[PDB]
């Protein structure tokens, strides 16, 4: 996909119909707040209505054109399928789909917890695919954008996050493949893979305390960069405190192997 070769302006999100999953707290909540100041229409989701309501309250206050919430579990594919239709109904269409939610996880050595491995695949990966299917028709109509929020754990290998790593790796695998398919089918829907480092969210901070020690980037700026990358139709976003990360994490060998062997099949 070709990104919009121009500078980001907040006016790009004005009146834009956006979905934010995992938006009751952390990066999701921060993304909804950014989209509210921009005068966008937001539909937010998580399981907890109480925390979701509070987010909506601040969204309307901040100046969202409209702000709504729908609670449910991304463990349930029916909910996922329905939420998109419901969200679409409320905004009267869809421009951007931000897939951000993840199953609750902890830094632990993997032993025998297949239930968790399965849950991670269903919530962190499978549900993103169901949400993409439900939203693709509306996105085609608006020449919209799919925004996939991933991690450095979905580009390189880390211990204590095997089930998580696997789910995030699958997002790259799937989404990077449909991006190639959208190019050939001439489907004008952009796909942004967001590769994030450690962010100062309540959840991350509690999980990493004592176990891991490294700088945690601000969630406010993290969210803006995810929205920026999405609006500019960038294939990939890299966000982290360190700057070796950013530069080293890109894979030119991968892009050759992809391109210099793309035009080698009819």
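Numbering follows the first chain given and starts at 1. Under this definition, the rigid core comprises the largest set of C-alpha atoms superposing within 1.5 Å between the forms.
- Averaged over structures and residues, the CA distance from the shown form in 7 other deposited structures of this protein after a core fit is larger for 235-243, of the two stretches 235-243 and 60-68.
- Compared with the other entries of this protein, residue 46 is consistently built, present in every one of those that build its neighbours rather than absent from a third.
- For the cut-off of one third of the other compared entries, residue 212 qualifies: that many or more give it no coordinates while modelling its flanks.
- Stretches 227-235 and 209-217 differ in mean C-alpha B factor, with the higher average recorded for 209-217.
- Set 29-37 against 237-245 and average the Cα temperature factors; 237-245 ends up higher.
- Sort the modelled residues of the chain by CA B factor and residue 67 lands in the highest third.
- Residue-level temperature factors show residue 124 in the lowest third of its chain, judged at the C-alpha atom.
- For residue 10, the recorded CA temperature factor ranks within the highest third of the chain's modelled residues.
- When the modelled residues of the chain are ordered by their C-alpha B factor, residue 169 lands in the lowest third.
- When the CA B factors of the chain's modelled residues are split into thirds, the value for residue 159 lands in the highest one.
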